[PDB]
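This report concerns only the one structure given below.
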Amino acid sequence: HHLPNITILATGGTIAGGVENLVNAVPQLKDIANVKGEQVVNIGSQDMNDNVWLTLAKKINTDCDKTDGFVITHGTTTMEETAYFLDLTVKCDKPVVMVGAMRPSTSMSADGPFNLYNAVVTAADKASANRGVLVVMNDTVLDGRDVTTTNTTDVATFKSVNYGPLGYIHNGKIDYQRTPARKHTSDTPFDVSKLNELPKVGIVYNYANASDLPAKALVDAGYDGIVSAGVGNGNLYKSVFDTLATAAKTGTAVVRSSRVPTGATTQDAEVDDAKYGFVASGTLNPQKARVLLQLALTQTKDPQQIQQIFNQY
Amino acid sequence: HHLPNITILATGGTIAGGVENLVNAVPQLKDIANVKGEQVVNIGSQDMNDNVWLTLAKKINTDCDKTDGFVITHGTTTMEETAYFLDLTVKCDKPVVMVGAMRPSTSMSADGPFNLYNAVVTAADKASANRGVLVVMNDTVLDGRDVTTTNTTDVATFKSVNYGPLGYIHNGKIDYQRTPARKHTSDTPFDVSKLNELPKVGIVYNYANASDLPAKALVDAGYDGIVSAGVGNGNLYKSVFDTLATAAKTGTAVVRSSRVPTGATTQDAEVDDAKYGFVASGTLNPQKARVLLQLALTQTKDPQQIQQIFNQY
Amino acid sequence: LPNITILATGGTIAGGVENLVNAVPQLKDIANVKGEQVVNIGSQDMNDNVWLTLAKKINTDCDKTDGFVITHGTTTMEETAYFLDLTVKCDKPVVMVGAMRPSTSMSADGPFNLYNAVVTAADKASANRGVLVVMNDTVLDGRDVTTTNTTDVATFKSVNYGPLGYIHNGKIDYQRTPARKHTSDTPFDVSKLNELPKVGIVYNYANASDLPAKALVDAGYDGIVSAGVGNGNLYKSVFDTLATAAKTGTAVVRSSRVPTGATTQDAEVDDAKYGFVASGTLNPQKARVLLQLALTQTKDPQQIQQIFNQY
Amino acid sequence: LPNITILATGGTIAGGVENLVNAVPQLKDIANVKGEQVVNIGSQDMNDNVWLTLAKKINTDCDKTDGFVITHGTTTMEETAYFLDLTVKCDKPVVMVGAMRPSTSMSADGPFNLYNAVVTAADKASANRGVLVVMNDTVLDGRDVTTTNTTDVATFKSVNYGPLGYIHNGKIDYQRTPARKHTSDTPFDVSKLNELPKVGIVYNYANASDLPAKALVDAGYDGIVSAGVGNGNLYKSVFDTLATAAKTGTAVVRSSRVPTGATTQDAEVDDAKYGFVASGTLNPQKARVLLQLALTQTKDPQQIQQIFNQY
């Protein structure tokens, strides 16, 4: 009886005490796995972009058979977006686990070391397979679809705000009581292996007396899709509504989501989606709805079919 | 011993079973107060705008001495924004209480009737004075600064997510254990009595691979101020950052807030605000930071002084 | 249209029990509803006999109906739901519902809650998910569901693992199902039982008396659940009484007064050494339900621990 | 630089008690720190004698220092904090701190928590806010603070009314202060007491035994707090025992096992008729603290109710 082989892919700086030398910062890692590190890119998470996403997904798909699991170290600001992109595009059913740190590795009571430890525990556990892309933060295993950051600074910020966590980790053991029902990874039709770019999808915000200029600027630039961060149950300020209604009639894909941090933007409730050709995002927040819309646009431009995609993934 | 006189100002449709005839939908109101209703405007809350705000504040300031308290019925989508605008601009220290309903007045288990009842209870209670503008929803008394909507459909959606509620209502009695520390109402310098318009402030969203076109569109239109809904602790995608940095150097006021639903966007932590001339929003979310920025711009265009305003109100 | 049976255990939650279709006419559009009053008791006085009656009724009537809705007061809903979750062998939907506001109150919650419970019981997708609680537009599993606030209409939450689904306009978006075994996958069978093992609960706090625990032991209780402090720790005096009782054959489960999170095995207390069982995410009242049932099968602590790891 | 005294009640929370400035060197930049070991006990074994000792020490040493930080285990922190909140007469900051992870663990929380507690005790703005608990970058009042999760570093929350302030980079943004009276505005004075009235807690649940409650009554306890179901309701057998005890002069407080919300007076139980007291937002363990103190002044239920409405 030997240890699993886990690869750590880094996207940025170190979250505990180079990527080569993590087994020296956290020597406890040796007792759980044989670890190898690769620096895939080196960027701040706030600057995350489509090229990095494509690079990551291709790397995991290509190296899937060379390792028992993956841990990806990633900044916290856009973790939730990269996790969902990977959840839809990775075709490997071995564990893929993302992890970060809310405090810098040099600060007192840095969270990164224990988070990294727990991420490797999770990647090494056979029970973690077939659950989609996972985020491990603060002793908790979270699915890539529902996970979001709820507080600007709290070490406990990452939560699955609509449907809850998959499991909790205590003393290196995971109690899994849930798995996601929406389709992920190998069960999706999305395949990015041949793609060098993704459809252009932007996000506009709604609020009192909202300007329509952001929306117009995107339409005039020929964006493929626009996600509205609506008020309440995905409602839109009138000027924004008028702009997006005309955009949707002339070929732009329009998804109604919500600025409100929990709950679904429901179909045909507040706005007659069938009349305008809009798609309702359900529980996906604006930034995650963008991810799914970009992918849906690689397969179809028909709002009816896009809506079905939002109801399945 | 007689009952207080409470005025109900409506901004839209009825939240229980015209505004004239509310005492017939909720006859229990008669036992608590002598009620008078006025329809101030009639618009959907998603279409809320600066003109309505100015109208409301002027009406309350003008009628303050004619009544013992005010209840304003308002749609839920933008309640949080109107509440904070009033919290900063009303000069009456009698109770001003906003209320709405998450379910339509015709549906089974409509929440509006009991919410309206409780709002009048709150407006009638002497202990409610001097606490700023209040929101009463779901048996809870919430301050206009911290209150926000947390779920798209839940009757329990309104919460003061950073500092908690002021009081709870049980059987027509309020247990107040808190009052807001930030300055409000009569203690602010903001005076809208002479104003027919407010400075133009827009909001842009950050996310992976964020377009700078929304921000550029606002700058090119000559907006007075721009609020960034940043990632994490108010961070900005690089293209957005570059656009806003140049805007701030050339006279546009720029406030960093966060798309993350709780916690403060803190000063000089993630971004060197002093170098770029940016202002950090603290706990104010993007839509509320817009409210304060619009008002601050009536007094000053200097980022240092704007920052002090964000630290006091 | 499906045939749905409403079993009442107390008062009416909208506007007795065949009145319901008159109080909530909209029910006729979604199901053919029949009602029976099984008992008439306050939820605060809920007891083992009512539990046995309910489970036998459902098990016996399973073939005659397409789903069950049980009307139940809110105070102890979470206990009954878990009991039924472990003992019901019908795989048709069983849905519990109640109301936080009286049916005569302004903005009473019971009518819409009842409507949504019937919706849930009528949906094919609800089957095989265990016993469910439907409150405030949300569908919750009977194991994790608990009341979090004394008065709020939104009180019912699955505080460790989340809800199964949300209901909007009569349609349910299910994204979860419980992994722990339930209903027809458990070994527990109450069909021939007229009583259950005696299990009590003691609370821990600063300067706690051991007298409650001693009282239960002297009365020959079969098991004792401790509502511990933090991660299931015990006040010294209480610990000593329970350690002794475990040696003489009383089953002892460490749970926590803390409202979320697991009481984990062998972390704060050497469970193997004293013959204690750790409750996991089960709060004290739920841990009682499982221990009662466990004790119908075994008195061995290691086997009871295994049960607490599977159900 | 302010002079801050660290009073320890148990183990060390970073890397005994004069070591602290060596374990957390950054403390030297913000205060002149002195440490004293007051007792050395596990938090789960916290008791009335430790409480009396702590309050007398602070009251006696108030003039010699600019603020106090008390190091305390997490299990019962919420009880000690409320006791001190009612009995301390020093108006200088008193700040409690602990750690959810052992000081030797990876990513131990105690060092930064200790640093933030000293920061808080050193800030002028912290005075006159009552006794405070500083955990996970947040400043919480001793009345409302409770532990919400068995293991999470973020467990401590003021679940009904929220935190007072948040700490970022050594600065505190205070937006709240507690309205209920505390510290030097209470009538409670423990300076001449060597013991406290005897108050125990019983739990309610389905089929609850009255034996715990009877045991406390037979031992002549001065008061009993009920952890009720829902809005402080009681299982029938328990109710009957407590109704009898209240008539013979035992003080009885109805609280709730439900983790948030008030137990409200005369709503679910006719408190006036039975001579019971409703706890408001005080959970059972906190309601014990107040009832113990109330009973040093009066045995009359109407006066005890007034106390529960003011403190």
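FYI, residue positions are counted from 1 along the chain as it appears here.
This entry, so its header tells us, was determined using X-ray crystallography, 1.9 Å.
Placed from the backbone N, Cα and C atoms, the Cβ positions cover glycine too.
Feature annotation from Swiss-Prot assigns active site, O-isoaspartyl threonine intermediate to B:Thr14.
Positions annotated as disulfide bond by Swiss-Prot: B:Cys64-B:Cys92. Long-range Cβ neighbours of B:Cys64 (disulfide bond) (same chain, at least 6 residues apart, Cβ-Cβ under 8 Å): B:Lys91, B:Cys92, B:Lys94.
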Inset, instruction - Take B:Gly17 and B:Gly18, the residues on either side of 15 unmodelled positions, and give their C-alpha distance in whole angstrom. - result: 9
Inset, instruction - Tell me the Cβ neighbour count for B:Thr14 (active site, O-isoaspartyl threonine intermediate), meaning other Cβ atoms within 10 Å of its Cβ, over all protein chains shown. - result: 20
Inset, instruction - For B:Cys92 (disulfide bond), just count the other CB atoms lying within 10 A of its CB, please. - result: 21
Inset, instruction - For B:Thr14 (active site, O-isoaspartyl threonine intermediate), name the DSSP secondary structure in the helix/strand/coil scheme. - result: coil
